[PDB]
């Protein structure tokens, strides 16, 4: 079945909201609000240890936010890759830029893969994975 335009834009907006929360370099609560409590936050596709649940996502961003100075996550090329009414999936391209407090830059040219579920507070992410389109530029050490 076809994804309603309303839901396509909602899911895009969730992803853009996640980018905004990361790009604060501070607002963990805003990051967590994107995800269900049980969410799989699995960035093993770019070489980072998987995390599950809000506690794991919090740990991840406590570290990232402590280590990073500036961030910008540009999301483009949104495509609905599945829709089953109460659940959906969406792909986007990312230009994920950062500079650490240690001065070291990073740019990821890759893809975000979101799985989402319709909840009483809107669409939320149940699973998030990634991969590369280009070889990593710089370092992911400040996210480890």
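Residue numbers count along the first chain shown, from 1.
The PDB entry assigns residue 134 a C-alpha temperature factor belonging to the lowest third of its chain's modelled residues. Annotation for residue 109: C-alpha temperature factor in the middle third relative to the rest of the modelled chain, per the entry. For residue 98, the recorded CA B-factor ranks within the middle third of the chain. Only modelled residues enter the ranking. In the PDB entry, residue 120 places in the highest third of its chain by CA B-factor. In this PDB entry, the Cα temperature factor of residue 57 sits in the middle third of its chain's modelled residues.
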